[PDB]
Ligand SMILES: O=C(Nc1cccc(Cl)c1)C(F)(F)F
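Given next, in structure tokens, is a single chain: the form deposited without the ligand.
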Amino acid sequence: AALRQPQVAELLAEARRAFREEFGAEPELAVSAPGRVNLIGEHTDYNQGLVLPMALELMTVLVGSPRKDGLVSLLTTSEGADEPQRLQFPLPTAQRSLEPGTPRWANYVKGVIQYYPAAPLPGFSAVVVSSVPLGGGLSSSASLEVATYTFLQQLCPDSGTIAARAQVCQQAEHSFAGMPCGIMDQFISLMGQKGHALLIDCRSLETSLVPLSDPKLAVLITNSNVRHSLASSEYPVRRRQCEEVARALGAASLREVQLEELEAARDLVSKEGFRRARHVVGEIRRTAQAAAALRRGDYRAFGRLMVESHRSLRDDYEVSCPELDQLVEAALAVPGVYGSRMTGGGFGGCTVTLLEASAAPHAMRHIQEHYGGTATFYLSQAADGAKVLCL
């Protein structure tokens, strides 16, 4: 049995109740921003690569009102979130910028306020609710950053592009959460359309909408319900390793390298740098091919490319873990499954599986029964991006 995904009207109702209770009046404003699953194109976004994510119906909802006093007052019901559930801080000023602190969850909101490009931004009271499982690799943090950005636009309209908004949320993640992410998770939370995955070119920031609206195809998300500590620590190590191979080959990024130059340059780089760069160069090519394949309705070829994405992440990039590998092999053993692999950063989180709609009940019975741990499952249709909810 797959996990009932609370609809937007439900998260919003919980967010109003906690707000009405907390601040003594109805919130004036509200927004939603989703999480995301990457179908293929892992560890390519900070390498100016290609990724193929879709937005989920798992989302973050902000409700709030402007204040007159220049303070920010937050409450989150998110029961994963670190204590306290409440936090207040002053707006940043010419005299004093905000700094990351405790609790961790509020760093995502502080960062987006700090880099919000439009002025004058008023103080606000807000409640944050989320159905995105925290640390589960479905971009909880990007959903919060983008929900915050969308809210701030209701207080104080911005004048730039949708990429610029993604880059603000990215800057918040870099400076306030110490996590040097690529643009994928912010971009998909912002640009997602119902019935479509997004081919994102992280060099040009061109995006292509790729239909998934075929009723006999299902995308299954399996949460391992594990997050090894490597998760936080090893991400910035892989990024600097890639940047060092590009610099050693005289390339602005690995986007500009192909496997043949890399083969030929292999004595300019560590054995390990070589293997990371070979994952990225291949995964860029796989994502381009997967996108054409999906557009063609060729799921088996999409499925092959997903499994080769997994192997490359497990062996060359080394960002899988026993739990993800076990979930992937288990899913591949099931008839009707085109392919399976880890999605997001790795070291835990979720696999994504493409399978026959009709094969999905058997798939969950098998994977759960064939998992050492306790899996969770989401049956996911491609959702819209961030939007305003008119209260």
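The first residue of the shown sequence is 1; numbering continues from there. Note that the rigid core is defined as the largest set of C-alphas that superpose within 1.5 Å between two forms.
The next section is about a form of this same protein that is not shown, the form deposited with the ligand bound.
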Inset, instruction - Taking 4.5 Å between heavy atoms as the contact cutoff, choose which of 163, 219, 113, 249 touches the ligand in the bound PDB entry. - result: 219
Legend entry - the ligand: the contacting residue among 58, 363, 354, 324 in the bound PDB entry [heavy atom, 4.5 Å]: 354
Legend entry - Heavy atom contact within 4.5 Å of the ligand in the bound PDB entry, the stretch among 211-219, 90-98, 118-126, 262-270: 211-219
Inset, instruction - Indicate whether residue 294 is a 4.5 Å heavy atom neighbour of the ligand in the bound PDB entry. - result: yes
Inset, instruction - May I ask you to check whether residue 149 falls inside a 4.5 Å heavy atom distance of the ligand in the bound PDB entry? - result: no
Legend entry - the ligand contact at residue 298 in the bound PDB entry, heavy atom, 4.5 Å: yes
Legend entry - Shift of residue 385 between the shown form and the other one at or above 2 Å (CA, core fit): no
